[PDB]
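Colleague: My questions all concern the structure below.
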Amino acid sequence: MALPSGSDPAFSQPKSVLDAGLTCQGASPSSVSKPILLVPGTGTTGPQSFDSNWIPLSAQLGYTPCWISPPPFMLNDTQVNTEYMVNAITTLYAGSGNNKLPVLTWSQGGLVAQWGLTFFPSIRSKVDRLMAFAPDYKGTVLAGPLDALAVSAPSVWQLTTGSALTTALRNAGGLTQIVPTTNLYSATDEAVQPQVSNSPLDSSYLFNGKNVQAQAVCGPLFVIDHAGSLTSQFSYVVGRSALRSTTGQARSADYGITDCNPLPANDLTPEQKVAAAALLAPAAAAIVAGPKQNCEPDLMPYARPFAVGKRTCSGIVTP
């Protein structure tokens, strides 16, 4: 069962809009040394996801941090958020001298990266690895679209168990890794479940990926939440391993029981540590003030054939 092949799907957004969502720290994305592309979680911008963590930590490892901030706060259709990532990879690949670059993500950003790899073949040769923290490739069973209000953000419909989007990703072949991938997650994630089995049943798991459930290393009683999966010192050691590895994946030898520190990464400034612990703060107001609807967004034509029979806003998905 081959992945989608051939030409990249058309973008629904103007290219100038997509360019407007990409920023690099201290550099233009068109002339950048050793870029890393950071893809944020639902309800946040790039800086809100990563200022307290991988922006400074990647810079200290010698990368130029770059990020996308799809408006409004990653709450729009995940297929549109992916356009921002695909355009950013095209730009940063050329902008770094036509060299592959790593992609590092949090929460929704992981599914965005894997959706892009699944459906946009041009970027597969431009991404050298994926380091995904708390990704939800299967669609969580918690915090659904009809909780407390009959309307929810477009991406919340999509990142729910049973959605047409997650159905299409799995049916198109997307729960197997496409580039060398590390997925770091936690059995105690309060946003993404199920994560408890340390097996392909977990939402963060990809076949052939380096699938690191924290409790598998640190013990059954180790506790780290959805944000701590991104910010902790344990997470830094795994992510640093993945970024340095000649295999493109974190290596088990590079981390162990003595790295099982759930608190913010050692090298963050005190300000950054307090901000990292407080991560998830802005995604309350953003949600309340953002787009909301009573149905899952329609699948774009490149993805519709993989979720025939699911229901989206326009009705039943037909091929």
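Labels for the structure tokens follow display order: chains A, B, ..., residues from 1 in each chain, ligands from 1.
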Where does DSSP see strand (DSSP E or B) in region 158-232 of chain A, if you list the residues as a list in words?
Modeller: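 So, restricting region 158-232 of chain A to strand (DSSP E or B), we get residues 160, 176, 181, 182, 183, 184, 185, 207, 210, 211, 212, 213 and 232 of chain A.
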Colleague: If we count only C-alpha atoms, what is near residue 169 (chain A) at a cut-off of 10 Å, once residues fewer than 4 positions away on the same chain are taken out, given as a PyMOL selection string?
Modeller: chain A and resi 111+114-115+118-119+137-138+164-165+173-175+303+306-307
Colleague: Hey, can you spit out that residue selection with N, CA, C and O atoms as a PDB file, in the first residue's frame?
Modeller:
```pdb
ATOM      1  N   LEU A 111       0.729  15.694  14.214  1.00  0.00           N
ATOM      2  CA  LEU A 111      -0.178  15.246  13.166  1.00  0.00           C
ATOM      3  C   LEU A 111      -0.060  16.146  11.942  1.00  0.00           C
ATOM      4  O   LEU A 111      -0.060  15.631  10.825  1.00  0.00           O
ATOM      5  N   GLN A 114       2.918  14.893  10.022  1.00  0.00           N
ATOM      6  CA  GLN A 114       2.715  13.585   9.425  1.00  0.00           C
ATOM      7  C   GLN A 114       1.668  13.638   8.309  1.00  0.00           C
ATOM      8  O   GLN A 114       1.831  12.981   7.285  1.00  0.00           O
ATOM      9  N   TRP A 115       0.673  14.502   8.463  1.00  0.00           N
ATOM     10  CA  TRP A 115      -0.273  14.740   7.380  1.00  0.00           C
ATOM     11  C   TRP A 115       0.437  15.320   6.159  1.00  0.00           C
ATOM     12  O   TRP A 115       0.204  14.896   5.010  1.00  0.00           O
ATOM     13  N   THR A 118       2.420  12.693   4.472  1.00  0.00           N
ATOM     14  CA  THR A 118       1.554  11.710   3.812  1.00  0.00           C
ATOM     15  C   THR A 118       1.048  12.231   2.479  1.00  0.00           C
ATOM     16  O   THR A 118       1.048  11.498   1.463  1.00  0.00           O
ATOM     17  N   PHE A 119       0.645  13.508   2.442  1.00  0.00           N
ATOM     18  CA  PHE A 119      -0.106  13.954   1.272  1.00  0.00           C
ATOM     19  C   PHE A 119       0.642  14.927   0.359  1.00  0.00           C
ATOM     20  O   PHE A 119       0.132  15.255  -0.726  1.00  0.00           O
ATOM     21  N   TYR A 137      -1.775  11.133  16.721  1.00  0.00           N
ATOM     22  CA  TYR A 137      -2.037  10.711  15.335  1.00  0.00           C
ATOM     23  C   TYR A 137      -3.372  10.009  15.204  1.00  0.00           C
ATOM     24  O   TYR A 137      -3.953  10.009  14.106  1.00  0.00           O
ATOM     25  N   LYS A 138      -3.843   9.383  16.279  1.00  0.00           N
ATOM     26  CA  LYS A 138      -5.102   8.654  16.242  1.00  0.00           C
ATOM     27  C   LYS A 138      -6.306   9.480  16.642  1.00  0.00           C
ATOM     28  O   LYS A 138      -7.420   9.055  16.320  1.00  0.00           O
ATOM     29  N   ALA A 164     -13.150  12.158  10.529  1.00  0.00           N
ATOM     30  CA  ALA A 164     -12.803  11.900   9.142  1.00  0.00           C
ATOM     31  C   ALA A 164     -11.323  12.162   8.884  1.00  0.00           C
ATOM     32  O   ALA A 164     -10.690  11.420   8.113  1.00  0.00           O
ATOM     33  N   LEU A 165     -10.751  13.220   9.498  1.00  0.00           N
ATOM     34  CA  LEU A 165      -9.335  13.516   9.266  1.00  0.00           C
ATOM     35  C   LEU A 165      -8.450  12.384   9.779  1.00  0.00           C
ATOM     36  O   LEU A 165      -7.588  11.886   9.045  1.00  0.00           O
ATOM     37  N   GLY A 173      -2.164   5.390   5.028  1.00  0.00           N
ATOM     38  CA  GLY A 173      -0.898   4.780   5.401  1.00  0.00           C
ATOM     39  C   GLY A 173      -0.123   5.528   6.447  1.00  0.00           C
ATOM     40  O   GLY A 173       0.970   5.059   6.839  1.00  0.00           O
ATOM     41  N   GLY A 174      -0.716   6.600   7.019  1.00  0.00           N
ATOM     42  CA  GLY A 174      -0.042   7.578   7.834  1.00  0.00           C
ATOM     43  C   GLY A 174       0.323   7.204   9.233  1.00  0.00           C
ATOM     44  O   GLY A 174       1.005   8.036   9.870  1.00  0.00           O
ATOM     45  N   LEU A 175      -0.053   6.019   9.746  1.00  0.00           N
ATOM     46  CA  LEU A 175       0.386   5.675  11.093  1.00  0.00           C
ATOM     47  C   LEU A 175       1.684   4.872  11.080  1.00  0.00           C
ATOM     48  O   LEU A 175       2.059   4.328  12.122  1.00  0.00           O
ATOM     49  N   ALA A 303      -7.643  14.033   0.165  1.00  0.00           N
ATOM     50  CA  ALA A 303      -7.858  13.146   1.306  1.00  0.00           C
ATOM     51  C   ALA A 303      -9.216  12.467   1.348  1.00  0.00           C
ATOM     52  O   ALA A 303      -9.344  11.391   1.949  1.00  0.00           O
ATOM     53  N   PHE A 306      -9.979   8.577   1.247  1.00  0.00           N
ATOM     54  CA  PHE A 306      -9.588   7.751   2.369  1.00  0.00           C
ATOM     55  C   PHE A 306     -10.534   7.820   3.541  1.00  0.00           C
ATOM     56  O   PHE A 306     -10.274   7.205   4.569  1.00  0.00           O
ATOM     57  N   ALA A 307     -11.643   8.520   3.422  1.00  0.00           N
ATOM     58  CA  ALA A 307     -12.581   8.520   4.515  1.00  0.00           C
ATOM     59  C   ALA A 307     -13.989   8.589   3.967  1.00  0.00           C
ATOM     60  O   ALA A 307     -14.851   9.281   4.516  1.00  0.00           O
TER      61      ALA A 307
END
```
Colleague: Give me, as JSON, numbers by chain, the residues of region 18-70 of chain A that a backbone DSSP run labels alpha helix (DSSP H).
Modeller: {"A": [18, 19, 20, 46, 47, 48, 49, 50, 54, 55, 56, 57, 58, 59, 60]}
Colleague: May I ask for the distance between CA of residue 106 (chain A) and CA of residue 317 (chain A), given in Å to one decimal place?
Modeller: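 It comes out at 29.3 Å.
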Colleague: Between A:16, A:28, A:181, A:208, which has the minimum distance to residue 96 (chain A) (counting only C-alpha atoms)?
Modeller: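 Smallest distance to residue 96 (chain A) is found for A:28.
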Colleague: Could you tell me which of A:22, A:66, A:57, A:36 comes closest to residue 83 (chain A) if we count only C-alpha atoms?
Modeller: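 Selected residue with least distance to residue 83 (chain A): A:22.
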